[PDB]
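# Coordinate analysis (summary)
So you can see what is in the structure, the chains are spelled out below.
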Amino acid sequence: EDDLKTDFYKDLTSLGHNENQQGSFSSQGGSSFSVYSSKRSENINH
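What comes next is a walk through the structure. (Residues numbered from 1 in each chain as written, not as in the entry; some residues may be left out. Part of a larger assembly, values for the part shown. Heavy atoms only, no water.)

## A closer look at the overall build of the chain
Each helix and strand in the chain was counted, giving zero helices and two strands. The burial tally for the chain puts 2% of its 46 residues in the buried class. Computed over 4 positive and 7 negative side-chain charges, the inter-centroid distance for the chain is 31 Å. (Helix = DSSP H or I, 4+ residues; strand = E, 2+ residues; numbered from the N terminus. Buried < 20%, exposed > 50% of the residue type's maximum accessible area, 1.4 Å probe, protein only. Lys, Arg positive; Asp, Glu negative; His and termini not counted. Charge placed at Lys NZ, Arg CZ, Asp CG, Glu CD.)

What follows is the structure in structure tokens.
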């Protein structure tokens, strides 16, 4: 007699992620008064 049995099992999984997010925000507020005289300025950035 000769018997010969053989198994080869291979399993491969690859997972990839690339994520890119940008946000840039700016707001301005201004009031001006002249002759009473006043100047008023506001600026905000995020």
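Having seen the model, we can carry on.
## As for the packing of aromatic side chains
All chains considered together, the criterion is met by one aromatic pair. Aromatic pair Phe33 and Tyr36: ring centres 6.3 Å apart, planes at 85°, arrangement edge-to-face. (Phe/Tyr/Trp six-rings, centres within 6.5 Å; stacked < 30°, edge-to-face > 60°.)

## Let's talk about the side chain of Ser38
Note on placement: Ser38 falls in strand β2 (residues 38-45). A polar side-chain atom of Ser38 sits 3.2 Å from a polar atom in the side chain of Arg40. The contact partners of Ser38, leaving out residues within four places of it in the chain, are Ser32 and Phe33. (Polar contact = N/O pair within 3.5 Å; in protein donor to acceptor, adjacent residues only side chain to side chain. Contact = heavy atoms within 4.5 Å.)

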